[PDB]
$ cat start_21.pdb   # PDB, C-alpha atoms
ATOM      1  CA  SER A   1      16.707   5.813  15.237
ATOM      2  CA  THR A   2      13.314   4.146  14.833
ATOM      3  CA  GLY A   3       9.706   5.115  14.244
ATOM      4  CA  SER A   4       6.389   3.426  14.929
ATOM      5  CA  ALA A   5       2.970   4.602  13.766
ATOM      6  CA  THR A   6      -0.514   3.149  13.839
ATOM      7  CA  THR A   7      -2.295   2.663  10.523
ATOM      8  CA  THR A   8      -6.103   2.649  10.473
ATOM      9  CA  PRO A   9      -8.601   1.381   7.871
ATOM     10  CA  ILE A  10     -10.500   4.212   6.220
ATOM     11  CA  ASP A  11     -13.804   2.299   6.221
ATOM     12  CA  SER A  12     -15.470  -0.945   7.296
ATOM     13  CA  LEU A  13     -14.099  -2.813   4.255
ATOM     14  CA  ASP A  14     -10.393  -1.972   4.727
ATOM     15  CA  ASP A  15     -10.466  -0.218   1.350
ATOM     16  CA  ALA A  16      -7.239   1.575   2.327
ATOM     17  CA  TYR A  17      -5.245   2.480   5.439
ATOM     18  CA  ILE A  18      -4.229   5.914   6.717
ATOM     19  CA  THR A  19      -1.255   6.786   8.921
ATOM     20  CA  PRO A  20      -0.723  10.173  10.601
ATOM     21  CA  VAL A  21       2.327  12.096   9.394
ATOM     22  CA  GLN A  22       3.738  15.330  10.830
ATOM     23  CA  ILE A  23       4.866  17.865   8.192
ATOM     24  CA  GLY A  24       6.487  21.229   8.837
ATOM     25  CA  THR A  25       7.122  23.511  11.799
ATOM     26  CA  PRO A  26       4.891  23.774  13.782
ATOM     27  CA  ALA A  27       3.731  20.295  12.827
ATOM     28  CA  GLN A  28       0.806  19.925  10.444
ATOM     29  CA  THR A  29      -0.594  16.398  10.808
ATOM     30  CA  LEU A  30      -2.033  14.796   7.674
ATOM     31  CA  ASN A  31      -3.348  11.244   7.284
ATOM     32  CA  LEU A  32      -1.443   9.658   4.409
ATOM     33  CA  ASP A  33      -1.848   6.403   2.509
ATOM     34  CA  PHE A  34       1.479   4.559   2.843
ATOM     35  CA  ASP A  35       2.014   3.003  -0.589
ATOM     36  CA  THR A  36       4.796   0.464  -1.205
ATOM     37  CA  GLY A  37       3.811   0.560  -4.909
ATOM     38  CA  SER A  38       4.806   4.183  -5.579
ATOM     39  CA  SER A  39       7.557   6.591  -4.646
ATOM     40  CA  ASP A  40       6.041  10.081  -4.247
ATOM     41  CA  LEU A  41       5.081  11.762  -0.976
ATOM     42  CA  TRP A  42       2.322  14.147  -2.058
ATOM     43  CA  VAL A  43      -0.323  16.039  -0.126
ATOM     44  CA  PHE A  44      -3.488  18.024  -0.500
ATOM     45  CA  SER A  45      -2.366  21.593   0.120
ATOM     46  CA  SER A  46      -3.211  25.288   0.136
ATOM     47  CA  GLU A  47      -2.274  25.142  -3.572
ATOM     48  CA  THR A  48      -4.832  22.467  -4.519
ATOM     49  CA  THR A  49      -7.621  23.749  -6.781
ATOM     50  CA  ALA A  50     -10.345  24.625  -4.290
ATOM     51  CA  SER A  51     -13.120  22.767  -6.132
ATOM     52  CA  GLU A  52     -11.027  19.572  -5.881
ATOM     53  CA  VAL A  53     -10.772  19.705  -2.061
ATOM     54  CA  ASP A  54     -13.721  18.138  -0.184
ATOM     55  CA  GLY A  55     -12.977  17.513   3.489
ATOM     56  CA  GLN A  56      -9.271  16.647   3.361
ATOM     57  CA  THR A  57      -6.751  18.214   5.701
ATOM     58  CA  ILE A  58      -4.342  20.410   3.724
ATOM     59  CA  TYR A  59      -0.661  21.246   4.094
ATOM     60  CA  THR A  60      -0.022  24.993   4.020
ATOM     61  CA  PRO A  61       3.699  25.546   3.320
ATOM     62  CA  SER A  62       3.482  29.288   4.019
ATOM     63  CA  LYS A  63       2.709  28.435   7.663
ATOM     64  CA  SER A  64       5.789  26.200   8.048
ATOM     65  CA  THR A  65       8.999  27.962   9.052
ATOM     66  CA  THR A  66      11.030  25.023   7.677
ATOM     67  CA  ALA A  67       9.327  24.811   4.264
ATOM     68  CA  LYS A  68      11.362  25.808   1.212
ATOM     69  CA  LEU A  69      10.159  25.843  -2.383
ATOM     70  CA  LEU A  70      12.187  23.388  -4.476
ATOM     71  CA  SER A  71      12.594  25.855  -7.294
ATOM     72  CA  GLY A  72      11.517  24.608 -10.717
ATOM     73  CA  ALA A  73      10.467  21.164  -9.535
ATOM     74  CA  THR A  74       7.159  19.667 -10.659
ATOM     75  CA  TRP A  75       5.564  16.256 -10.336
ATOM     76  CA  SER A  76       2.777  14.318 -12.008
ATOM     77  CA  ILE A  77       1.685  10.767 -11.277
ATOM     78  CA  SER A  78      -0.948   8.354 -12.544
ATOM     79  CA  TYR A  79      -1.912   5.254 -10.571
ATOM     80  CA  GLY A  80      -2.981   1.797 -11.682
ATOM     81  CA  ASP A  81      -6.610   2.625 -10.896
ATOM     82  CA  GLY A  82      -6.674   5.569 -13.323
ATOM     83  CA  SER A  83      -6.437   8.288 -10.673
ATOM     84  CA  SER A  84      -3.814  11.018 -10.845
ATOM     85  CA  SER A  85      -2.412  14.152  -9.246
ATOM     86  CA  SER A  86       0.233  16.774  -9.979
ATOM     87  CA  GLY A  87       1.805  19.948  -8.640
ATOM     88  CA  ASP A  88       4.993  21.589  -7.349
ATOM     89  CA  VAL A  89       7.440  20.661  -4.592
ATOM     90  CA  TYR A  90       8.656  21.914  -1.230
ATOM     91  CA  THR A  91      11.258  20.486   1.100
ATOM     92  CA  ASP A  92      10.240  20.320   4.755
ATOM     93  CA  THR A  93      10.643  18.316   7.930
ATOM     94  CA  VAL A  94       8.553  15.136   7.973
ATOM     95  CA  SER A  95       8.070  12.828  10.956
ATOM     96  CA  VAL A  96       6.399   9.396  11.127
ATOM     97  CA  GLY A  97       5.851   7.798  14.498
ATOM     98  CA  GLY A  98       8.723   9.709  16.097
ATOM     99  CA  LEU A  99      11.199   9.274  13.201
ATOM    100  CA  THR A 100      12.190  12.606  11.626
ATOM    101  CA  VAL A 101      13.624  13.395   8.181
ATOM    102  CA  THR A 102      14.711  16.941   7.425
ATOM    103  CA  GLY A 103      14.737  18.128   3.840
ATOM    104  CA  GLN A 104      12.101  15.648   2.648
ATOM    105  CA  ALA A 105      10.495  16.395  -0.709
ATOM    106  CA  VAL A 106       6.832  17.147   0.021
ATOM    107  CA  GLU A 107       4.976  17.252  -3.287
ATOM    108  CA  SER A 108       2.153  19.774  -3.115
ATOM    109  CA  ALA A 109      -0.888  18.993  -5.248
ATOM    110  CA  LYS A 110      -2.198  21.685  -7.535
ATOM    111  CA  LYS A 111      -4.570  19.176  -9.202
ATOM    112  CA  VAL A 112      -6.065  15.866  -8.098
ATOM    113  CA  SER A 113      -8.438  13.581  -9.961
ATOM    114  CA  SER A 114     -12.022  12.987  -8.902
ATOM    115  CA  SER A 115     -11.458   9.821  -6.855
ATOM    116  CA  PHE A 116      -9.005  11.680  -4.599
ATOM    117  CA  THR A 117     -11.454  14.553  -4.085
ATOM    118  CA  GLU A 118     -14.217  12.073  -3.330
ATOM    119  CA  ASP A 119     -12.210  10.332  -0.605
ATOM    120  CA  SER A 120     -12.259  12.762   2.301
ATOM    121  CA  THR A 121     -10.214  10.448   4.545
ATOM    122  CA  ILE A 122      -6.949  10.371   2.528
ATOM    123  CA  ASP A 123      -4.926  13.586   2.698
ATOM    124  CA  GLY A 124      -2.175  12.314   0.393
ATOM    125  CA  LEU A 125       0.224   9.458  -0.284
ATOM    126  CA  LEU A 126       3.565   8.450   1.200
ATOM    127  CA  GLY A 127       5.431   6.333  -1.339
ATOM    128  CA  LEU A 128       7.614   3.475  -0.119
ATOM    129  CA  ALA A 129       8.681   1.819  -3.393
ATOM    130  CA  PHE A 130      12.170   2.513  -4.757
ATOM    131  CA  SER A 131      13.170   6.112  -5.430
ATOM    132  CA  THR A 132      13.810   5.345  -9.113
ATOM    133  CA  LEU A 133      10.008   5.642  -9.563
ATOM    134  CA  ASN A 134       9.751   9.135  -8.061
ATOM    135  CA  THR A 135       8.140  11.501 -10.570
ATOM    136  CA  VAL A 136       9.735  14.820  -9.576
ATOM    137  CA  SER A 137      11.312  16.658 -12.506
ATOM    138  CA  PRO A 138      13.921  17.786 -13.389
ATOM    139  CA  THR A 139      15.609  16.444 -10.229
ATOM    140  CA  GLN A 140      14.211  13.140  -8.991
ATOM    141  CA  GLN A 141      13.640  13.017  -5.222
ATOM    142  CA  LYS A 142      14.098  10.313  -2.580
ATOM    143  CA  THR A 143      11.376   8.575  -0.592
ATOM    144  CA  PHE A 144      10.960   9.091   3.143
ATOM    145  CA  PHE A 145      12.453   5.625   3.763
ATOM    146  CA  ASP A 146      15.428   6.287   1.473
ATOM    147  CA  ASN A 147      16.142   9.552   3.290
ATOM    148  CA  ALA A 148      15.777   7.944   6.739
ATOM    149  CA  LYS A 149      17.602   4.687   6.015
ATOM    150  CA  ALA A 150      21.138   5.648   7.024
ATOM    151  CA  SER A 151      19.896   6.872  10.415
ATOM    152  CA  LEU A 152      17.769   3.815  11.172
ATOM    153  CA  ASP A 153      18.963   1.153  13.588
ATOM    154  CA  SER A 154      18.391  -1.370  10.787
ATOM    155  CA  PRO A 155      17.584  -0.447   7.153
ATOM    156  CA  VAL A 156      14.058  -1.871   7.191
ATOM    157  CA  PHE A 157      10.414  -1.018   7.584
ATOM    158  CA  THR A 158       7.554  -3.385   8.402
ATOM    159  CA  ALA A 159       3.873  -3.447   7.475
ATOM    160  CA  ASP A 160       1.457  -5.087   9.939
ATOM    161  CA  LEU A 161      -1.981  -4.316   8.510
ATOM    162  CA  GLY A 162      -5.101  -5.246  10.445
ATOM    163  CA  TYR A 163      -8.241  -7.009   9.276
ATOM    164  CA  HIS A 164     -11.083  -4.641  10.162
ATOM    165  CA  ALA A 165      -8.755  -3.189  12.814
ATOM    166  CA  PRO A 166      -5.755  -0.859  13.160
ATOM    167  CA  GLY A 167      -2.208  -2.057  12.556
ATOM    168  CA  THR A 168       1.332  -0.712  12.553
ATOM    169  CA  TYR A 169       4.115   0.592  10.333
ATOM    170  CA  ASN A 170       7.542   0.366  11.993
ATOM    171  CA  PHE A 171      10.770   1.903  10.699
ATOM    172  CA  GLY A 172      14.224   0.719  11.692
ATOM    173  CA  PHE A 173      13.379  -2.389  13.737
ATOM    174  CA  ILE A 174      11.530  -5.708  13.656
ATOM    175  CA  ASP A 175       9.037  -6.176  16.511
ATOM    176  CA  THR A 176       9.569  -9.829  17.399
ATOM    177  CA  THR A 177       6.315  -9.820  19.417
ATOM    178  CA  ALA A 178       4.220  -8.932  16.365
ATOM    179  CA  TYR A 179       4.325 -12.289  14.562
ATOM    180  CA  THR A 180       4.272 -16.032  15.184
ATOM    181  CA  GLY A 181       6.862 -18.536  14.071
ATOM    182  CA  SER A 182       9.741 -17.295  11.925
ATOM    183  CA  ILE A 183      10.057 -14.738   9.127
ATOM    184  CA  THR A 184      10.745 -16.278   5.713
ATOM    185  CA  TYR A 185      12.794 -14.002   3.477
ATOM    186  CA  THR A 186      12.594 -14.079  -0.308
ATOM    187  CA  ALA A 187      14.457 -12.361  -3.137
ATOM    188  CA  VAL A 188      13.404  -9.008  -4.587
ATOM    189  CA  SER A 189      13.945  -7.544  -8.046
ATOM    190  CA  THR A 190      14.168  -3.752  -8.111
ATOM    191  CA  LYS A 191      14.328  -3.594 -11.927
ATOM    192  CA  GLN A 192      10.810  -2.118 -12.220
ATOM    193  CA  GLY A 193      11.142   0.015  -9.071
ATOM    194  CA  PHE A 194       8.791  -2.177  -7.002
ATOM    195  CA  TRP A 195       9.120  -4.665  -4.157
ATOM    196  CA  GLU A 196       8.842  -7.434  -6.738
ATOM    197  CA  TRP A 197       9.151 -11.062  -5.648
ATOM    198  CA  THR A 198       8.108 -14.579  -6.709
ATOM    199  CA  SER A 199       5.575 -16.574  -4.728
ATOM    200  CA  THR A 200       6.084 -20.338  -4.827
ATOM    201  CA  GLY A 201       2.421 -21.287  -5.329
ATOM    202  CA  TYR A 202      -1.042 -21.358  -3.856
ATOM    203  CA  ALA A 203      -3.856 -23.411  -2.375
ATOM    204  CA  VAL A 204      -7.627 -22.852  -2.254
ATOM    205  CA  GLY A 205      -9.298 -23.706   1.047
ATOM    206  CA  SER A 206      -8.242 -27.123   2.291
ATOM    207  CA  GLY A 207      -7.042 -28.085  -1.188
ATOM    208  CA  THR A 208      -3.607 -29.331  -2.083
ATOM    209  CA  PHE A 209      -0.873 -26.791  -2.660
ATOM    210  CA  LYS A 210       0.000 -26.073  -6.295
ATOM    211  CA  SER A 211       3.702 -25.350  -6.778
ATOM    212  CA  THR A 212       4.018 -22.617  -9.409
ATOM    213  CA  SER A 213       6.021 -19.406  -9.637
ATOM    214  CA  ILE A 214       3.932 -16.221  -9.383
ATOM    215  CA  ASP A 215       5.902 -13.000  -9.884
ATOM    216  CA  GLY A 216       4.256  -9.980  -8.300
ATOM    217  CA  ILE A 217       4.645  -6.898  -6.154
ATOM    218  CA  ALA A 218       4.034  -6.267  -2.458
ATOM    219  CA  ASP A 219       1.802  -3.179  -2.676
ATOM    220  CA  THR A 220       0.240  -1.718   0.462
ATOM    221  CA  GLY A 221      -1.471   0.916  -1.710
ATOM    222  CA  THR A 222      -3.588  -1.631  -3.615
ATOM    223  CA  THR A 223      -6.662  -2.959  -1.818
ATOM    224  CA  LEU A 224      -7.113  -6.382  -3.436
ATOM    225  CA  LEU A 225      -5.088  -9.426  -4.473
ATOM    226  CA  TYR A 226      -4.568  -9.543  -8.254
ATOM    227  CA  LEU A 227      -3.330 -12.882  -9.612
ATOM    228  CA  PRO A 228      -3.256 -14.783 -12.924
ATOM    229  CA  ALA A 229      -6.625 -15.680 -14.396
ATOM    230  CA  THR A 230      -5.956 -19.408 -13.976
ATOM    231  CA  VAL A 231      -5.406 -19.012 -10.223
ATOM    232  CA  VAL A 232      -8.373 -16.687  -9.746
ATOM    233  CA  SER A 233     -10.698 -19.048 -11.662
ATOM    234  CA  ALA A 234      -9.586 -21.963  -9.492
ATOM    235  CA  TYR A 235     -10.424 -19.932  -6.381
ATOM    236  CA  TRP A 236     -13.884 -18.724  -7.404
ATOM    237  CA  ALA A 237     -14.862 -22.127  -8.803
ATOM    238  CA  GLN A 238     -15.043 -23.191  -5.148
ATOM    239  CA  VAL A 239     -17.772 -20.620  -4.368
ATOM    240  CA  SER A 240     -21.288 -21.564  -5.480
ATOM    241  CA  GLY A 241     -22.713 -18.890  -7.750
ATOM    242  CA  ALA A 242     -19.526 -16.865  -8.144
ATOM    243  CA  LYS A 243     -18.904 -15.436 -11.594
ATOM    244  CA  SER A 244     -16.867 -12.840 -13.423
ATOM    245  CA  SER A 245     -19.092  -9.875 -14.276
ATOM    246  CA  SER A 246     -17.930  -7.601 -17.081
ATOM    247  CA  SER A 247     -20.496  -4.985 -16.037
ATOM    248  CA  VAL A 248     -19.301  -4.880 -12.429
ATOM    249  CA  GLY A 249     -15.639  -5.261 -13.398
ATOM    250  CA  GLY A 250     -14.559  -8.519 -11.780
ATOM    251  CA  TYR A 251     -15.593 -11.563  -9.828
ATOM    252  CA  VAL A 252     -18.732 -11.266  -7.724
ATOM    253  CA  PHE A 253     -20.301 -13.852  -5.461
ATOM    254  CA  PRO A 254     -23.497 -14.332  -3.455
ATOM    255  CA  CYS A 255     -23.320 -12.340  -0.242
ATOM    256  CA  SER A 256     -24.792 -15.429   1.510
ATOM    257  CA  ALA A 257     -21.611 -17.418   0.791
ATOM    258  CA  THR A 258     -18.945 -18.473   3.249
ATOM    259  CA  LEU A 259     -15.663 -17.990   1.386
ATOM    260  CA  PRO A 260     -12.741 -20.447   1.413
ATOM    261  CA  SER A 261      -9.310 -19.361   2.520
ATOM    262  CA  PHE A 262      -6.494 -18.731   0.040
ATOM    263  CA  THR A 263      -2.890 -19.736   0.770
ATOM    264  CA  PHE A 264       0.169 -18.299  -0.963
ATOM    265  CA  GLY A 265       3.721 -19.618  -0.805
ATOM    266  CA  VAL A 266       6.779 -17.719   0.408
ATOM    267  CA  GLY A 267       9.638 -20.101  -0.217
ATOM    268  CA  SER A 268       8.737 -23.236   1.710
ATOM    269  CA  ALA A 269       6.459 -21.236   4.040
ATOM    270  CA  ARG A 270       2.748 -20.578   3.651
ATOM    271  CA  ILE A 271       0.590 -17.526   4.397
ATOM    272  CA  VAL A 272      -3.127 -18.266   4.846
ATOM    273  CA  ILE A 273      -5.645 -15.541   3.942
ATOM    274  CA  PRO A 274      -8.909 -16.340   5.792
ATOM    275  CA  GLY A 275     -12.012 -16.423   3.618
ATOM    276  CA  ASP A 276     -13.563 -13.441   5.389
ATOM    277  CA  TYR A 277     -10.664 -11.263   4.218
ATOM    278  CA  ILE A 278     -11.801 -11.859   0.589
ATOM    279  CA  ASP A 279     -15.321 -10.389   1.126
ATOM    280  CA  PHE A 280     -15.597  -6.764  -0.057
ATOM    281  CA  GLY A 281     -19.319  -6.497   0.487
ATOM    282  CA  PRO A 282     -22.276  -5.565  -1.703
ATOM    283  CA  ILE A 283     -21.499  -4.219  -5.162
ATOM    284  CA  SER A 284     -24.009  -1.416  -4.458
ATOM    285  CA  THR A 285     -25.897  -0.591  -1.301
ATOM    286  CA  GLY A 286     -28.445  -3.287  -0.498
ATOM    287  CA  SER A 287     -27.341  -5.694  -3.222
ATOM    288  CA  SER A 288     -26.984  -9.403  -2.496
ATOM    289  CA  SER A 289     -24.094  -9.618  -4.964
ATOM    290  CA  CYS A 290     -20.764  -9.102  -3.210
ATOM    291  CA  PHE A 291     -17.423  -8.075  -4.642
ATOM    292  CA  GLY A 292     -14.503 -10.478  -4.468
ATOM    293  CA  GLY A 293     -11.160  -9.653  -2.907
ATOM    294  CA  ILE A 294      -9.179 -11.845  -5.324
ATOM    295  CA  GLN A 295      -9.314 -10.604  -8.922
ATOM    296  CA  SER A 296      -7.536 -11.287 -12.194
ATOM    297  CA  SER A 297      -4.348  -9.395 -13.036
ATOM    298  CA  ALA A 298      -4.791 -10.176 -16.738
ATOM    299  CA  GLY A 299      -5.486  -6.534 -17.631
ATOM    300  CA  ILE A 300      -2.724  -5.068 -15.431
ATOM    301  CA  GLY A 301       0.541  -6.560 -16.677
ATOM    302  CA  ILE A 302       1.717  -7.494 -13.169
ATOM    303  CA  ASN A 303       0.427  -9.529 -10.258
ATOM    304  CA  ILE A 304      -0.268  -7.462  -7.146
ATOM    305  CA  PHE A 305      -0.089  -8.735  -3.562
ATOM    306  CA  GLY A 306      -2.219  -5.928  -2.176
ATOM    307  CA  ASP A 307      -3.770  -5.449   1.241
ATOM    308  CA  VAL A 308      -5.908  -8.621   1.077
ATOM    309  CA  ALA A 309      -2.696 -10.655   1.017
ATOM    310  CA  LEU A 310      -0.418  -8.428   3.073
ATOM    311  CA  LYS A 311      -2.846  -8.044   6.018
ATOM    312  CA  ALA A 312      -2.638 -11.807   6.576
ATOM    313  CA  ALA A 313       1.099 -11.447   7.315
ATOM    314  CA  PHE A 314       3.769  -9.484   9.130
ATOM    315  CA  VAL A 315       5.792  -8.109   6.209
ATOM    316  CA  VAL A 316       9.407  -6.941   6.318
ATOM    317  CA  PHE A 317      10.592  -4.553   3.621
ATOM    318  CA  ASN A 318      14.350  -5.033   3.938
ATOM    319  CA  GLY A 319      16.248  -2.156   2.361
ATOM    320  CA  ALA A 320      19.713  -3.612   2.825
ATOM    321  CA  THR A 321      22.192  -3.239  -0.036
ATOM    322  CA  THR A 322      20.477  -6.215  -1.652
ATOM    323  CA  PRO A 323      16.795  -5.690  -0.743
ATOM    324  CA  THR A 324      14.616  -8.636   0.262
ATOM    325  CA  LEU A 325      11.076  -9.210   1.541
ATOM    326  CA  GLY A 326      10.140 -11.153   4.663
ATOM    327  CA  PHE A 327       6.791 -12.735   5.515
ATOM    328  CA  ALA A 328       5.608 -14.219   8.808
ATOM    329  CA  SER A 329       2.250 -15.447   9.986
ATOM    330  CA  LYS A 330       0.683 -13.531  12.868
TER     331      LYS A 330
END
$ encode --input "start_21.pdb" --output "structure tokens"
Amino acid sequence: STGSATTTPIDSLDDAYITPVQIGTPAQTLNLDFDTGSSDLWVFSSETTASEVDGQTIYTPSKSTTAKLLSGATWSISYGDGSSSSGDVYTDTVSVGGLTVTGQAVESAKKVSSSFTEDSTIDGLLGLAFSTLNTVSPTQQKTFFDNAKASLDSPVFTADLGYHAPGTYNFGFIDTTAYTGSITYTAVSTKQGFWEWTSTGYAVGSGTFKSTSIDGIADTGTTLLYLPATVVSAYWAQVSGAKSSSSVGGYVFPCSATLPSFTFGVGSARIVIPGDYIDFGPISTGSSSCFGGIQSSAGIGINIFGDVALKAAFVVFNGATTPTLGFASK
């Protein structure tokens, strides 16, 4: 089997991407944030505290003839941005782009933190990291991809995120028309539960490539590119007037600037992030200070190849017995 679904930016800055997902019988369609940095499929629901729901579409398990309470199971997750959610668990039928999994754990939110409530466009998350990170207790549950894998034509999914435009998540096949050149594959460590890999270096603009190992994760659920402070300083030093602002919380730059590209290495191959992809717009409405799309990972503990990086590439998440990642230009 295969599946193919369009993913759409939630706003004009590509702050996140939403993909429609069918849950239950009859189908209830919710727009979920596909997140290769976590491993829980959770939704706003009829059980979510009413004051914490503000415009999201909810899953109502009582209206699904295939929903079953997973008795005793609870979940609770906290994300790298400080947001969180928790609740109980149902199993139900879940379909993405024509690919159907029966018996998928659908984690129903009883509580969500303020940033989830405030984002009316995201109805939940669909985790695509390794199932060892799934938070369900006392019986850990499998991700949608893990449940689907055996049925897929090939044990892979691909992320093709757009810049200021829709893109595609495919399951079970590699669309050879969706990229240019060849796909360069690189090793993955699953020891922390992430799609963790090692970039071979970077360049800023037309500058010479610096060969240096940068361990990090491919995370579709993180907006920006988080890299070591040395690398980030070298980038922003090329932008007149750019500075790290403790009050804003990262590097800012004059909105009048034209930004240089940033290149990252995948083995001997190179992925070029155009400068425009690094512009996240005014820090507050009407400001002439703009927020940078490349930020320091120093306070995280891990480098994160988020959407800024991934949207410049066609990315293969290869879930073969030994997982690997593939990157192609597009």
$ closest_atom_pairs --input "start_21.pdb" --of "region 36-141 of chain A" --to "region 198-219 of chain A" --cutoff "10 Å" --atoms "all atoms listed in the file" --output "tab-separated table"
residue	atom	partner	partner_atom	distance
A:36	CA	A:219	CA	4.9
A:37	CA	A:219	CA	4.8
A:38	CA	A:219	CA	8.5
A:128	CA	A:219	CA	9.2
A:129	CA	A:219	CA	8.5
$ residues_around --input "start_21.pdb" --residues "residue 70 (chain A)" --least-positions-apart "6" --cutoff "12 Å" --atoms "all atoms listed in the file" --output "ChimeraX atom specification"
/A:61,87-92,103-108,136-141
$ write_last_selection --input "start_21.pdb" --atoms "C-alpha atoms" --output "short mmCIF file (atom, residue, chain, number, x, y, z; two decimals), in the frame of the given file"
data_model
loop_
_atom_site.label_atom_id
_atom_site.label_comp_id
_atom_site.auth_asym_id
_atom_site.auth_seq_id
_atom_site.Cartn_x
_atom_site.Cartn_y
_atom_site.Cartn_z
CA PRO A 61 3.70 25.55 3.32
CA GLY A 87 1.80 19.95 -8.64
CA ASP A 88 4.99 21.59 -7.35
CA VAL A 89 7.44 20.66 -4.59
CA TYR A 90 8.66 21.91 -1.23
CA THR A 91 11.26 20.49 1.10
CA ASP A 92 10.24 20.32 4.76
CA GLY A 103 14.74 18.13 3.84
CA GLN A 104 12.10 15.65 2.65
CA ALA A 105 10.50 16.40 -0.71
CA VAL A 106 6.83 17.15 0.02
CA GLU A 107 4.98 17.25 -3.29
CA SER A 108 2.15 19.77 -3.12
CA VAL A 136 9.74 14.82 -9.58
CA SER A 137 11.31 16.66 -12.51
CA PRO A 138 13.92 17.79 -13.39
CA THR A 139 15.61 16.44 -10.23
CA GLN A 140 14.21 13.14 -8.99
CA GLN A 141 13.64 13.02 -5.22
#
$ residues_near_point --input "start_21.pdb" --point "(7.9, 10.3, 14.2)" --cutoff "8 Å" --atoms "only C-alpha atoms" --output "JSON, numbers by chain"
{"A": [3, 4, 5, 21, 22, 94, 95, 96, 97, 98, 99, 100]}
$ write_last_selection --input "start_21.pdb" --atoms "C-alpha atoms" --output "PDB file, keeping the file's coordinate frame"
ATOM      1  CA  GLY A   3       9.706   5.115  14.244  1.00  0.00           C
ATOM      2  CA  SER A   4       6.389   3.426  14.929  1.00  0.00           C
ATOM      3  CA  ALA A   5       2.970   4.602  13.766  1.00  0.00           C
ATOM      4  CA  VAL A  21       2.327  12.096   9.394  1.00  0.00           C
ATOM      5  CA  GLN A  22       3.738  15.330  10.830  1.00  0.00           C
ATOM      6  CA  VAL A  94       8.553  15.136   7.973  1.00  0.00           C
ATOM      7  CA  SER A  95       8.070  12.828  10.956  1.00  0.00           C
ATOM      8  CA  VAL A  96       6.399   9.396  11.127  1.00  0.00           C
ATOM      9  CA  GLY A  97       5.851   7.798  14.498  1.00  0.00           C
ATOM     10  CA  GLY A  98       8.723   9.709  16.097  1.00  0.00           C
ATOM     11  CA  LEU A  99      11.199   9.274  13.201  1.00  0.00           C
ATOM     12  CA  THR A 100      12.190  12.606  11.626  1.00  0.00           C
TER      13      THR A 100
END
$ resolve_selection --input "start_21.pdb" --expression "the PyMOL selection byres ((chain A and resi 159) around 8)" --output "PyMOL selection string"
chain A and resi 157-158+160-161+168-170+310+314-317
$ resolve_selection --input "start_21.pdb" --expression "the PyMOL selection byres ((chain A and resi 319) around 10)" --output "list in words"
residues 130, 145, 146, 149, 154, 155, 156, 157, 172, 195, 316, 317, 318, 320, 321, 322, 323, 324 and 325 of chain A
$ residues_near_point --input "start_21.pdb" --point "(-2.7, 9.0, -0.7)" --cutoff "7 Å" --atoms "all atoms listed in the file" --output "tab-separated table (two decimals) with C-alpha atoms, in the coordinates of the input"
chain	number	residue	atom	x	y	z
A	32	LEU	CA	-1.44	9.66	4.41
A	33	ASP	CA	-1.85	6.40	2.51
A	122	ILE	CA	-6.95	10.37	2.53
A	123	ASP	CA	-4.93	13.59	2.70
A	124	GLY	CA	-2.17	12.31	0.39
A	125	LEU	CA	0.22	9.46	-0.28
A	126	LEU	CA	3.56	8.45	1.20
$ residues_around --input "start_21.pdb" --residues "residue 7 (chain A)" --least-positions-apart "2" --cutoff "6 Å" --atoms "all atoms listed in the file" --output "PDB file with C-alpha atoms, in the frame of the given file"
ATOM      1  CA  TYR A  17      -5.245   2.480   5.439  1.00  0.00           C
ATOM      2  CA  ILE A  18      -4.229   5.914   6.717  1.00  0.00           C
ATOM      3  CA  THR A  19      -1.255   6.786   8.921  1.00  0.00           C
ATOM      4  CA  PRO A 166      -5.755  -0.859  13.160  1.00  0.00           C
ATOM      5  CA  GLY A 167      -2.208  -2.057  12.556  1.00  0.00           C
ATOM      6  CA  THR A 168       1.332  -0.712  12.553  1.00  0.00           C
TER       7      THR A 168
END
$ resolve_selection --input "start_21.pdb" --expression "the PyMOL selection byres ((chain A and resi 46-58) around 7)" --output "PyMOL selection string"
chain A and resi 30+44-45+59-60+108-112+117-118+120-123
$ atom_distance --input "start_21.pdb" --atom1 "CA of residue 11 (chain A)" --atom2 "CA of residue 116 (chain A)"
15.1 Å
$ residues_around --input "start_21.pdb" --residues "residue 312 (chain A)" --least-positions-apart "2" --cutoff "12 Å" --atoms "only C-alpha atoms" --output "number ranges by chain"
A: 159-164, 167, 179-180, 225, 261-264, 270-278, 305-310, 314-315, 327-330
